[PDB]
Structures are given as C-alpha cells and as structure tokens.
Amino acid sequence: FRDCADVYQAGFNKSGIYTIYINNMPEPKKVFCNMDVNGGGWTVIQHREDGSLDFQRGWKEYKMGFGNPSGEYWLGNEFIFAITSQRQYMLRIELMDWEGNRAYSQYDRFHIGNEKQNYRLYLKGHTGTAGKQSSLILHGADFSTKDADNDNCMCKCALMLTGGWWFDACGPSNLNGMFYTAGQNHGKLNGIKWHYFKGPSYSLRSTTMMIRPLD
C-alpha cells in the first residue's frame, strides 16, 4: 500500500486519514485520502481552509512535513519525493475563493527532484477550470524557503511572499502564503494566490493539492 490509490483499490472508499507505506521511507506515514473527486484514490500533499496552521517554516520542516492530516497540513517534500518516485503520478489542485466558487488545476505528469536537486518541480499537461494557463511554473523551479534561497530571482521570494514554494521570480502562485480571512477585497500580495484563477492580489479560502497514479 504505497498511496491512497492502493488504499482505494483495496475497497476503502471513504475519505479520511489513512496510513501508507512508502517505498524507501523508514516509517509509515499518515495522510489524508480523498476518495471523492473524480473516482477517488487521491493522496493529499497539502490542505488549507482556516489559517489555523502557520506556513512560515524553514527547509527542514518543509522537507519533513508539518500540521495534522485531519486539518491543515503540508505532507513534506521528502515524502512527496518518495511517493512520486515510486511510479508516475498526476497532480490535481482544488481551489475555492471567498465567493463560493470552486475550481481546479490538473497536471498529467508530476514529480520533483530529490533534496540535492532542491526538490525541483517539473510538470506537464495543465488542464482545468482554475485558469487557461498554469499558475505553477511547469518549466523548472527549485523549492525555496526563508532559509533556502533557491528561486529564479535576484530577490528572495520566500522572504517577500512567505512560506515554501516552487517560486520563479516569483511566479504566478503560492498556495503556502499568508492565510487572510479578508482574502477577497483586501490584501495582500503575500497571500494564498493562483494568478490565472483569481489574480495576484486575491487570497483564496481553501486549497488542496493531491496526487494519484496515471493508472
């Protein structure tokens, strides 16, 4: 049982917390499994909805993960890497604004490099209702944090926008930015953003990043 896809095919069709056994990882891992969207079998790698969890963290916490799979959390890059190294995964991103609208972006192929490659992101095949173009750079960006300046900018994107992300310079997204209750009509530019959906100044209400095998 390497992922929520496995969990699903073994007959567990209810979304919720499961434990999975990831190849090459020393200990099992608790994750949230979304079994509802588009046939289910999704492993959630990040979730936000209320701002209870602080995302202003360093490289090591972003690597190992933080938060609680039952609420807001970040799975951790080391884990995302280990899972997406086992086979070929697709990535889906669920987004909601503060006005009741839900949208998604989806990528046919997703993986990231290992820690020595700064967990560099490579994607292909963007579709969805959250913008005609991808708000995540497809073409290559390392992961960056306040203590690891790996972006494609002369500036320091993590310092400017907060959180850990595959910043470009700094690029059209950051789902790990500041949670703002007043996302809609008020600031700022360091919030939870997805440019091609709601723009650079709109901070979103909830996000879920989740992955599953090509099939």
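The first residue of the shown sequence is 1; numbering continues from there.
Remark: stretch with higher mean C-alpha B factor among 172-180 and 30-38 is 30-38. In this crystal structure, the stretch out of 100-108 and 140-148 whose C-alpha atoms carry the higher mean B factor is 100-108. Among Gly125, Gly76, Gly128, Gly71, the highest C-alpha B-factor recorded in the PDB entry belongs to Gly71. When the modelled residues of the chain are ordered by their C-alpha B factor, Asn185 lands in the highest third. For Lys132, the recorded CA temperature factor ranks within the middle third of the chain's modelled residues.
Among the modelled residues of the chain, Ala10 sits in the highest third by CA temperature factor in this PDB entry.
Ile22: CA B factor in the highest third of modelled residues in this chain (values from the PDB entry).
The entry lists a Cα temperature factor for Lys116 that places it in the middle third of the chain's modelled residues.
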